[PDB]
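Take a look at the structure tokens below, where one protein chain is shown in two forms, each on its own, as structure 1 and structure 2.
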Structure 1
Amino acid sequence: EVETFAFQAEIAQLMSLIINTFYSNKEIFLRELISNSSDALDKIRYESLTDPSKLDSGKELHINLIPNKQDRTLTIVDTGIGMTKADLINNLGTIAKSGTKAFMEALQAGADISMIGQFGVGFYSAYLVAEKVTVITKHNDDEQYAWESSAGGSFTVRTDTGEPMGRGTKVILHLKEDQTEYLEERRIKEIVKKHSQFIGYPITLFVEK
């Protein structure tokens, strides 16, 4: 049971702009994804302060970065609050329509693609490096879903029967052939140190055999 959905026109436009604009500073995608993860983790931590049972789906609050050169994927896993199916369909928890309007106006006026996170649509910077993005997520109030999109104006949602996550969000970046630098340990470490120094959760970079 796979459901296919059209992006809102303004979100298809943002994705196209991201894909088609010449812009060399692509490494900011990782900062934006880690930032989203940090915000998701903040959310569950806040809930947990008045209801400890909120962490029954897992107490550890962290971010893992998992490169796989065989599959040409980079995976960003967090144990944050996760997303319900509704929030996944509603632009992965963002106010993407108004965010994209503001970002576009900022760009027309001299901002650049690196400032995307100030407009609350940083998720979509994944498409600077990924030909396809898969998002697996689990929220305490819903089941585990997989969202997926190779852009082109549509995404799919299905119940995920894969490995259960407990709680949180996993973003799997199926990288463009020319973007495999972001599987290399030294490159990922450099990006993290440069851009994510003040993220208040452990970020563990996995190594490959």
Structure 2
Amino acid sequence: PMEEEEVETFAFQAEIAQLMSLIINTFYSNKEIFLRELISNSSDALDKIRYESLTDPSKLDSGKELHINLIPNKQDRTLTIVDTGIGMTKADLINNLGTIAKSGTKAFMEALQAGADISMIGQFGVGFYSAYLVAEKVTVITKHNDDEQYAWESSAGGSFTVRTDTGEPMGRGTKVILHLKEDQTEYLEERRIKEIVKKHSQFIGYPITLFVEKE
């Protein structure tokens, strides 16, 4: 029988929308840094659950392994980054993925306008948005302890959606699914992914596994 699901559509905060339009509509040469930014957010989320587990060990009931998985899919042109970190509550999601102003937004846009390399984004606290250098649409699935699994999605254009996820349960953590632009398929290649992780994400304190679909 027909199922019904509630959806909430939100507008991005003005400067976040302006930043996303700048990232999408301007040429940048060193786009590979998007992966460093997402792995760095996963590493931070893994530290959060690790430290919380020291006080309340039952916070690991949802999965004891602390790690990052990278899953390129050449059939549907997606690159997925999964972690078993702390995950996001509904408030963490709506607050960190678009509704709240970030102190570094205006400074970062002015710095990009002056010729700064896109690699500077992380320093400004808006590193996630680098996903739009390579992706036309980003889906974020997240699961925090004592809360439901949520799905966030945006193709930019000024809006994002949030819904309770009725899909595949994750025990705990965050999955970022990058629906790559047609000209950015190099980020589905095993060699290219290894190259960029070696260059930019070599001091990550958690194991990372790259899953490669048999050719």
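Throughout, rigid core stands for the largest set of C-alpha atoms superposing within 1.5 Å between the two forms. Residue indices: 1-based, along structure 1.
Only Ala96, out of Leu128, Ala96, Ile81, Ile116, shows a C-alpha shift of 2 Å or more between structure 1 and structure 2 on alignment of the rigid core.
Core-superposed comparison between structure 1 and structure 2: the C-alpha position of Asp71 differs by less than 2 Å. Here the two forms are laid over each other by their core, and the C-alpha of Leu61 is off by 0.3 Å between structure 1 and structure 2.
Aligning the rigid core leaves the CA of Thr50 displaced by 1.0 Å between structure 1 and structure 2.
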